[PDB]
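Report on the following structure.
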Amino acid sequence: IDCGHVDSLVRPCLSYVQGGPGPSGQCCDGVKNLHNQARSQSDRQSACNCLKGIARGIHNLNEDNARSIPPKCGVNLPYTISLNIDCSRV
Ligand SMILES: CCCCCCCCCCCCCC(=O)OC[C@@H](O)COP(=O)(O)OCC[N+](C)(C)C
Ligand SMILES: CCCCCCCCCCCCCC(=O)OC[C@@H](O)COP(=O)(O)OCC[N+](C)(C)C
């Protein structure tokens, strides 16, 4: 999957991952859309690598807030996410 596209889907989550109120509906929709598009193993792994690279470039990233996005947005994942998630097993 294209990192530019991934970036566009989650861009609305920025304010929240930086400590602001949220997650907004636009953030959740982007995440749901990404979840709906990254289906094959390659795409999940690709999307994972992308998000980890994007997250590492955010100043004052709040990992606690970023981690709670899936559960707060209603997207159930069989695991917890973090900056050190192994993308080869997602
Ligand atoms: C399905 C699982 C979902 C996982 C949740 C993902 C959480 C992370 C989402 C973050 C999205 C926001 C990223 C972004 O779009 O960047 C916004 C930028 O303004 C951040 O700054 P940079 O890209 O580093 O730009 C450089 C800024 N400078 C020039 C001031 C240093
Ligand atoms: C929090 C700090 C920021 C770092 C950002 C890293 C987060 C990376 C998140 C990657 C998410 C991968 C994309 C995705 O949406 O996939 C979700 C799946 O892994 C979960 O769906 P399931 O079908 O339950 O997957 C289980 C495997 N199956 C398909 C064989 C059943």
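All residue numbers here begin at 1 and follow the chain in the order shown.
The backbone N, Cα and C atoms fix where each Cβ goes, and this holds for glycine too.
Taken from Swiss-Prot, the feature disulfide bond applies to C3-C50 (among others), supported by experimental evidence. According to DSSP, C50 (disulfide bond) is assigned to a helical segment. Around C50 (disulfide bond), the C-beta neighbours below 8 angstroms that are at least 6 residues distant in the chain are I1, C3, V6, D7.
What Swiss-Prot lists as disulfide bond is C13-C27 (among others). The 10 Å shell around the Cβ of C13 (disulfide bond) contains 22 further Cβ atoms across the protein chains shown.
Swiss-Prot lists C28-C73 (among others) with the feature disulfide bond, giving experimental evidence as the kind of evidence. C28 (disulfide bond) falls within a helical segment according to DSSP. Non-local contacts of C28 (disulfide bond) by the CB criterion (under 8 A, 6+ apart in sequence, same chain) comprise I69, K72, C73, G74, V75.
The local packing around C48 (disulfide bond), expressed as other Cβ atoms within 10 Å of its Cβ over all shown chains, amounts to 20. The annotation disulfide bond is assigned in Swiss-Prot to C48-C87 (among others).
Here Swiss-Prot flags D7 as cis-14-hydroxy-10,13-dioxo-7-heptadecenoic acid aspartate ester. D7 (cis-14-hydroxy-10,13-dioxo-7-heptadecenoic acid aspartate ester) counts 14 other C-beta atoms within 10 Å of its own C-beta, drawing on all protein chains shown.
With respect to ligand 1, the disulfide-bonded residues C13, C27, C28, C73 contribute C13 as residues with a C-beta closer than 6 angstroms to one of its atoms, given in sequence order. Note on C3 (disulfide bond): other Cβ atoms within 10 Å of its Cβ, all shown chains, come to 14. Checking the disulfide-bonded residues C3, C13, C48, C50 against ligand 2, the ones with a C-beta less than 6 Å from an atom of that molecule are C48. For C27 (disulfide bond) paired with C48 (disulfide bond), the C-alpha to C-alpha distance reads 17 Å.
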